[PDB]
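In what follows, a single structure is set out as structure tokens and then discussed.
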Amino acid sequence: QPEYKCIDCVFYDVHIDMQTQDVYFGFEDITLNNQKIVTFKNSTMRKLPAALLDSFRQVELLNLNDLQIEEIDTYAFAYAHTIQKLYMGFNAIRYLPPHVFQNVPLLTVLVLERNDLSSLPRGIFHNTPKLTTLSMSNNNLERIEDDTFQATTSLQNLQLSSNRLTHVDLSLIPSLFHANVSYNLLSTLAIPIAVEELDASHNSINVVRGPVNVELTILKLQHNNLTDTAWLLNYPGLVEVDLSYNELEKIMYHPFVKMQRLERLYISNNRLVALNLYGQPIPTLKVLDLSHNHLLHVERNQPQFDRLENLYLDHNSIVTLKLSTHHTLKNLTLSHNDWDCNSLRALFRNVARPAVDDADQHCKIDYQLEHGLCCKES
Ligand SMILES: *[C@@H]1O[C@H](CO)[C@@H](O[C@@H]2O[C@H](CO)[C@@H](O)[C@H](O)[C@H]2NC(C)=O)[C@H](O)[C@H]1NC(C)=O
Ligand SMILES: *[C@@H]1O[C@H](CO)[C@@H](O)[C@H](O)[C@H]1NC(C)=O
Ligand SMILES: *[C@@H]1O[C@H](CO)[C@@H](O)[C@H](O)[C@H]1NC(C)=O
């Protein structure tokens, strides 16, 4: 019958396995265990016992990170009424008892990152209306049911990256400020009204929906299945959007005409054969990544290119490129294309290395190096 004491409370060398019977925490007199901040060092609790919070009833911040927890006793959080921040990440927890969060009304932060959760009990967060930050990344979740966040009307940060999710409707959480659903199996993305940073990279998304949102500033959608970009018109505040590794076949200026401050646009590794940002260039654009596509003719985009600081054209089939004497490029990639030699000679009157970041090493029979890049004379 071990008795673990603090030494505002750090437990040392607590070792509870599944077999272990009841153990003791703090002083027998509950009133002496008035510590508000609880953490463990060099400890393992394969099952989280009720004895901990039965004895410490004034805990506000409970850190159970990396305690090798596999199971939570059903009534572990019976006397947890004062807890505001609960950290239970980096364990091996397989399920949450249905009413585990029934008596934590003041909960604002909950971390369950890196565990073994495969589903959420109905009503798990129905009694935690103050919840503002939640992480359940690195679990095995397949579905977030639509009633999950009905009560969490102040939820601001939601991290669900690296699960197996085929459904989670973020439109049902209008309070969202930061949301991360990267590395899942989503096919549809509804973007809530006020989210400022949203990462839905590494999914299977082919449709983007939602109301005009003037707050969205960072949108990560790389590694999905997008075939259009019209929906971009709904996000006039974007500063960065990553559309790389999708199925886009053309980029036109139309979807970007409402962009007030877009600076970084990544579109590498798509299937682009057409590019028109000259009808109406994006005035604020600084970085444009068009590498690894199937572009052939892009010279008409000069007015857009002239204003950039970084332009990546490598790995296409581009034949010509024109820049004004006063262009602002600081980083340019050009290798692995299909250059006309005359175009390269003209180009290098206004730009050179190391601004030009790359080069071709060898050329095919009909080609030769012109300023370090393969080209054919015509
Ligand atoms: C969404 O969550 C993922 C995973 O937590 C974040 O991935 C990190 O991204 C940075 C670069 O921005 C990498 O250097 C880190 O290694 C990544 N962390 C991990 C654990 O993989 C990602 O940043 C999040 N998205 C946003 C926009 O915040
Ligand atoms: C989406 O893209 C991935 C990777 O290219 C591909 O394997 C998958 O077939 C695509 N998904 C659908 C449903 O088109
Ligand atoms: C230029 O951009 C490329 C992106 O392909 C990057 O790898 C490189 O570090 C940049 N070079 C400089 C000098 O910043």
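Naming works like this for the structure tokens: A, B, ... for the chains as they're shown, residue 1 at the start of each chain, ligands 1 onward in shown order.
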
Once you count only C-alpha atoms and all ligand atoms, which residues end up within 12 Å of ligand 2, and could you hand them over as a PyMOL selection string? chain A and resi 185-188+201-207+222-227+244-248+269-271

Select from chain A every residue with an atom at most 12 Å from any atom of ligand 3, then for each give the shortest pair of atoms and their distance in Å to one decimal, using only C-alpha atoms and all ligand atoms, rows by chain and rising number, as a Markdown table.
| residue | atom | partner | partner_atom_place_in_ligand_line | distance |
| --- | --- | --- | --- | --- |
| A:266 | CA | ligand 3 | 4 (C) | 11.3 |
| A:268 | CA | ligand 3 | 5 (O) | 10.6 |
| A:287 | CA | ligand 3 | 2 (O) | 9.8 |
| A:288 | CA | ligand 3 | 4 (C) | 10.4 |
| A:289 | CA | ligand 3 | 5 (O) | 8.5 |
| A:290 | CA | ligand 3 | 5 (O) | 10.5 |
| A:291 | CA | ligand 3 | 5 (O) | 8.6 |
| A:292 | CA | ligand 3 | 5 (O) | 11.2 |
| A:309 | CA | ligand 3 | 1 (C) | 9.9 |
| A:310 | CA | ligand 3 | 2 (O) | 7.0 |
| A:311 | CA | ligand 3 | 2 (O) | 8.0 |
| A:312 | CA | ligand 3 | 5 (O) | 6.5 |
| A:313 | CA | ligand 3 | 5 (O) | 9.2 |
| A:314 | CA | ligand 3 | 5 (O) | 8.4 |
| A:315 | CA | ligand 3 | 5 (O) | 11.0 |
| A:329 | CA | ligand 3 | 1 (C) | 10.5 |
| A:330 | CA | ligand 3 | 13 (C) | 7.9 |
| A:331 | CA | ligand 3 | 1 (C) | 4.8 |
| A:332 | CA | ligand 3 | 1 (C) | 6.6 |
| A:333 | CA | ligand 3 | 5 (O) | 6.5 |
| A:334 | CA | ligand 3 | 5 (O) | 9.9 |
| A:335 | CA | ligand 3 | 5 (O) | 10.6 |
| A:353 | CA | ligand 3 | 13 (C) | 9.6 |
| A:354 | CA | ligand 3 | 13 (C) | 6.9 |
| A:355 | CA | ligand 3 | 13 (C) | 6.8 |
| A:356 | CA | ligand 3 | 1 (C) | 8.0 |
| A:357 | CA | ligand 3 | 1 (C) | 5.7 |
| A:358 | CA | ligand 3 | 5 (O) | 8.4 |
| A:359 | CA | ligand 3 | 5 (O) | 11.8 |

Distance filter 12 Å around ligand 1, atoms: only C-alpha atoms and all ligand atoms, out as a compact mmCIF listing (two decimals) with N, CA and C atoms, in the first residue's frame:
# COMPACT_ATOMS: atom_id res chain seq x y z
N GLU A 113 -3.98 13.93 -27.56
CA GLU A 113 -3.06 13.62 -28.66
C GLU A 113 -2.30 12.32 -28.42
N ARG A 114 -2.12 11.55 -29.48
CA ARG A 114 -1.36 10.29 -29.44
C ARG A 114 -1.89 9.27 -28.43
N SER A 135 -7.36 18.79 -28.51
CA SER A 135 -6.52 18.03 -29.43
C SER A 135 -6.79 16.53 -29.29
N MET A 136 -7.07 15.89 -30.41
CA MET A 136 -7.19 14.43 -30.46
C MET A 136 -6.41 13.89 -31.65
N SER A 137 -5.37 14.62 -32.03
CA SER A 137 -4.51 14.20 -33.13
C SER A 137 -3.81 12.88 -32.79
N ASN A 138 -3.34 12.19 -33.82
CA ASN A 138 -2.69 10.89 -33.64
C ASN A 138 -3.54 9.90 -32.84
N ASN A 157 -9.73 26.20 -30.87
CA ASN A 157 -8.66 25.45 -31.50
C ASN A 157 -8.98 23.96 -31.50
N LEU A 158 -9.07 23.38 -32.70
CA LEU A 158 -9.40 21.97 -32.83
C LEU A 158 -8.33 21.26 -33.66
N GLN A 159 -7.63 20.32 -33.02
CA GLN A 159 -6.56 19.57 -33.67
C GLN A 159 -6.98 18.10 -33.77
N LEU A 160 -7.17 17.63 -35.00
CA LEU A 160 -7.62 16.26 -35.26
C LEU A 160 -6.73 15.58 -36.30
N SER A 161 -5.53 16.12 -36.49
CA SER A 161 -4.60 15.61 -37.50
C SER A 161 -4.21 14.16 -37.24
N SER A 162 -3.93 13.41 -38.30
CA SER A 162 -3.53 12.01 -38.18
C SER A 162 -4.53 11.15 -37.42
N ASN A 163 -5.73 11.04 -37.98
CA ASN A 163 -6.68 10.02 -37.57
C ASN A 163 -7.04 9.19 -38.81
N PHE A 177 -11.27 29.07 -34.59
CA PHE A 177 -10.23 30.04 -34.91
C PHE A 177 -9.07 29.35 -35.64
N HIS A 178 -8.63 28.22 -35.09
CA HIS A 178 -7.64 27.36 -35.74
C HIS A 178 -8.19 25.95 -35.82
N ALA A 179 -8.12 25.34 -37.00
CA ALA A 179 -8.57 23.96 -37.15
C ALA A 179 -7.59 23.16 -37.99
N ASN A 180 -7.33 21.93 -37.56
CA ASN A 180 -6.38 21.08 -38.25
C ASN A 180 -6.96 19.68 -38.43
N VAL A 181 -7.24 19.31 -39.68
CA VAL A 181 -7.78 17.98 -39.96
C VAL A 181 -6.87 17.25 -40.95
N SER A 182 -5.60 17.63 -40.97
CA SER A 182 -4.65 17.05 -41.91
C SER A 182 -4.43 15.56 -41.63
N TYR A 183 -4.01 14.83 -42.65
CA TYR A 183 -3.74 13.40 -42.53
C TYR A 183 -4.96 12.62 -42.07
N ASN A 184 -6.01 12.69 -42.89
CA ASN A 184 -7.21 11.90 -42.67
C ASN A 184 -7.75 11.37 -43.99
N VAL A 195 -12.92 30.89 -39.16
CA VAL A 195 -11.63 30.25 -38.93
C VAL A 195 -10.52 31.03 -39.65
N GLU A 196 -9.39 31.22 -38.96
CA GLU A 196 -8.31 32.05 -39.48
C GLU A 196 -7.19 31.21 -40.09
N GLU A 197 -6.95 30.04 -39.51
CA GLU A 197 -5.97 29.12 -40.07
C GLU A 197 -6.58 27.74 -40.12
N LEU A 198 -6.58 27.15 -41.31
CA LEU A 198 -7.17 25.83 -41.50
C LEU A 198 -6.25 24.95 -42.32
N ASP A 199 -5.92 23.78 -41.77
CA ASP A 199 -5.09 22.81 -42.46
C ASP A 199 -5.92 21.56 -42.71
N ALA A 200 -6.19 21.28 -43.98
CA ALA A 200 -6.86 20.05 -44.37
C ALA A 200 -6.01 19.28 -45.38
N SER A 201 -4.69 19.45 -45.27
CA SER A 201 -3.76 18.78 -46.17
C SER A 201 -3.79 17.27 -45.94
N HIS A 202 -3.33 16.53 -46.94
CA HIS A 202 -3.25 15.07 -46.85
C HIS A 202 -4.60 14.43 -46.52
N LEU A 216 -10.08 34.00 -42.82
CA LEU A 216 -9.15 32.96 -43.25
C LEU A 216 -7.89 33.53 -43.91
N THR A 217 -6.74 33.22 -43.32
CA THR A 217 -5.47 33.82 -43.71
C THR A 217 -4.50 32.76 -44.23
N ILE A 218 -4.53 31.59 -43.61
CA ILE A 218 -3.69 30.48 -44.00
C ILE A 218 -4.55 29.25 -44.31
N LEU A 219 -4.48 28.78 -45.55
CA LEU A 219 -5.25 27.62 -45.96
C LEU A 219 -4.34 26.57 -46.58
N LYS A 220 -4.20 25.44 -45.90
CA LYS A 220 -3.35 24.36 -46.38
C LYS A 220 -4.20 23.23 -46.94
N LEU A 221 -4.14 23.03 -48.26
CA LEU A 221 -4.92 21.99 -48.92
C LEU A 221 -4.06 21.08 -49.79
N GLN A 222 -2.75 21.07 -49.56
CA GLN A 222 -1.87 20.25 -50.39
C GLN A 222 -2.18 18.76 -50.16
N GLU A 240 -1.81 33.08 -47.53
CA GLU A 240 -1.17 31.90 -48.11
C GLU A 240 -2.17 30.79 -48.37
N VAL A 241 -2.10 30.21 -49.57
CA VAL A 241 -2.86 29.00 -49.85
C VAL A 241 -1.97 27.99 -50.56
N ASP A 242 -1.99 26.75 -50.08
CA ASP A 242 -1.20 25.69 -50.69
C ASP A 242 -2.12 24.70 -51.37

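The smallest atom-to-atom distance between residue 150 (chain A) and any of A:130, A:322, A:167, A:209, using only C-alpha atoms, is found for A:130.
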
Enumerate the residues of region 91-196 of chain A with a DSSP assignment of strand (DSSP E or B), computed from the backbone, and present them as a PyMOL selection string. chain A and resi 109-111+133-135+143+157-159+167+178-180+188-190

Write the residues of the selection above to a file with C-alpha atoms, as a PDB file, in the first residue's frame.
ATOM      1  CA  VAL A 109      -8.236  22.759 -22.451  1.00  0.00           C
ATOM      2  CA  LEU A 110      -8.197  19.026 -23.213  1.00  0.00           C
ATOM      3  CA  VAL A 111      -5.316  17.116 -24.789  1.00  0.00           C
ATOM      4  CA  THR A 133      -8.800  24.052 -27.008  1.00  0.00           C
ATOM      5  CA  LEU A 134      -9.102  20.374 -27.934  1.00  0.00           C
ATOM      6  CA  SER A 135      -6.525  18.027 -29.426  1.00  0.00           C
ATOM      7  CA  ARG A 143     -16.063   9.742 -37.461  1.00  0.00           C
ATOM      8  CA  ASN A 157      -8.658  25.447 -31.501  1.00  0.00           C
ATOM      9  CA  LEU A 158      -9.398  21.971 -32.827  1.00  0.00           C
ATOM     10  CA  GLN A 159      -6.561  19.566 -33.670  1.00  0.00           C
ATOM     11  CA  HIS A 167     -16.480  12.618 -41.616  1.00  0.00           C
ATOM     12  CA  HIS A 178      -7.642  27.362 -35.743  1.00  0.00           C
ATOM     13  CA  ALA A 179      -8.568  23.960 -37.151  1.00  0.00           C
ATOM     14  CA  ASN A 180      -6.379  21.075 -38.246  1.00  0.00           C
ATOM     15  CA  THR A 188     -15.549  17.127 -48.447  1.00  0.00           C
ATOM     16  CA  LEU A 189     -14.466  20.293 -46.623  1.00  0.00           C
ATOM     17  CA  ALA A 190     -16.989  22.728 -45.190  1.00  0.00           C
TER      18      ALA A 190
END

If you run DSSP on the backbone, which residues of region 151-356 of chain A are alpha helix (DSSP H), as a PyMOL selection string? chain A and resi 302-305+341-347

Restricting the calculation to only C-alpha atoms, which member of A:364, A:11, A:375, A:52 is positioned closest to residue 319 (chain A)?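 Of A:364, A:11, A:375, A:52, the one nearest residue 319 (chain A) is A:375, counting only C-alpha atoms.
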
Which neighbours of residue 18 (chain A) fall inside 9 Å, counting only C-alpha atoms, when residues of the same chain fewer than 6 positions from it are skipped, and could you give them as a PyMOL selection string? chain A and resi 45-47+70-71

Give me the residues near residue 64 (chain A) as an MDAnalysis selection string, where near means some atom within 8 Å (using only C-alpha atoms) and where sequence neighbours in that chain fewer than 4 positions away do not count. chainID A and resid 39:40 86:89

Provide the CA of residue 56 (chain A) to CA of residue 108 (chain A) distance in Å, to one decimal place. 19.3 Å

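The gap separating CA of residue 235 (chain A) from CA of residue 211 (chain A) is 8.9 Å, in Å to one decimal.
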
As a ChimeraX atom specification, please: the residues near region 103-105 of chain A (cut-off 7 Å, only C-alpha atoms, same-chain neighbours under 4 positions excluded). /A:77-78,80-83,127-128

Include N, CA, C and O atoms and write out the residues we just selected as a short mmCIF file (atom, residue, chain, number, x, y, z; two decimals), in the first residue's frame.
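See selection04.cif below for the written result:
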data_model
loop_
_atom_site.label_atom_id
_atom_site.label_comp_id
_atom_site.auth_asym_id
_atom_site.auth_seq_id
_atom_site.Cartn_x
_atom_site.Cartn_y
_atom_site.Cartn_z
N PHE A 77 -12.65 10.70 -12.68
CA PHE A 77 -12.91 12.14 -12.68
C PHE A 77 -14.22 12.53 -11.98
O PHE A 77 -14.83 13.54 -12.32
N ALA A 78 -14.62 11.73 -11.00
CA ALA A 78 -15.83 12.01 -10.23
C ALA A 78 -15.72 13.31 -9.43
O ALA A 78 -16.67 14.09 -9.38
N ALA A 80 -13.61 15.90 -10.05
CA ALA A 80 -12.72 16.74 -10.85
C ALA A 80 -13.34 18.10 -11.17
O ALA A 80 -12.92 18.77 -12.11
N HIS A 81 -14.31 18.51 -10.36
CA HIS A 81 -15.10 19.71 -10.62
C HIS A 81 -14.30 21.00 -10.82
O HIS A 81 -14.78 21.95 -11.44
N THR A 82 -13.08 21.04 -10.30
CA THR A 82 -12.27 22.25 -10.37
C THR A 82 -11.28 22.27 -11.54
O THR A 82 -10.65 23.29 -11.80
N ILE A 83 -11.15 21.15 -12.24
CA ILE A 83 -10.17 21.05 -13.32
C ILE A 83 -10.51 21.96 -14.51
O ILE A 83 -11.64 21.97 -15.00
N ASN A 127 -21.26 18.37 -21.63
CA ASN A 127 -21.20 19.10 -20.37
C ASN A 127 -19.92 19.91 -20.17
O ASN A 127 -19.57 20.26 -19.05
N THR A 128 -19.22 20.21 -21.26
CA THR A 128 -18.02 21.03 -21.19
C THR A 128 -18.14 22.25 -22.10
O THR A 128 -17.40 22.38 -23.07
#

Rank nothing, just name the residue among A:351, A:285, A:323, A:117 nearest to residue 306 (chain A), using only C-alpha atoms.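 So, comparing all the options, the nearest one is A:323.
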
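Counting only C-alpha atoms and comparing A:58, A:317, A:378, A:324, the residue that lies closest to residue 301 (chain A) is A:324.
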
Near-region 21-37 of chain A list (6 Å; only C-alpha atoms; drop same-chain fewer than 4 positions) as a ChimeraX atom specification: /A:1-5,8-9,52,55-56,58-61

Excluding same-chain residues fewer than 4 positions from residue 260 (chain A), what lies within 12 Å of it counting only C-alpha atoms, as a PyMOL selection string? chain A and resi 214-217+233-240+256+281-285
